[PDB]
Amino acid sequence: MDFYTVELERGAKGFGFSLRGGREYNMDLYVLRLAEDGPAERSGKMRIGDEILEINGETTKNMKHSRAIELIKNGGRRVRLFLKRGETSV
């Protein structure tokens, strides 16, 4: 249980995060960067390395990068994200 959700409201510079990966690069989808002062960083919830499992209700399983970007940009005033931290308690 290292799963969490976040809902961000667009600012003039977007939601304030970058992603890397996608199915065309034989990769999952991760948070690459968090823009200083932006909605993602202000949320206090996200970090670099977190895996994006769902965007706006749609699973990211086998999602192209291009498709994830398109969903977020074209999603209107907010983005809803379901994430995984990549931390495990042993």
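Heads up: residue numbers just count along the shown sequence, starting at 1.
Residue with highest C-alpha B-factor in the PDB entry, from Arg80, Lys73, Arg77, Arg20: Max CA B-factor in the entry, restricted to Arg80, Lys73, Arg77, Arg20: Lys73.
Just say lowest, middle or highest third for the CA B-factor of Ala40 relative to the other modelled residues in its chain. According to the entry, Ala40 has a C-alpha B-factor in the chain's lowest third.
Within this chain's modelled residues, let me know which third the CA B factor of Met46 belongs to: lowest, middle or highest. Lowest third of the chain for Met46's C-alpha B-factor.
Quick check for you: using the entry's CA B-factors within this chain, is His65 in the lowest, middle or highest third? Within its chain, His65 is a lowest-third residue by C-alpha B-factor, going by the deposited values.
Pull the Cα B-factor of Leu34 out of the PDB entry and bin it into the chain's lowest, middle or highest third. Ranked within chain, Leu34 CA B lands in the highest tercile.
Where the record places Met27 (Cα B-factor, split into thirds across the chain): Highest third.
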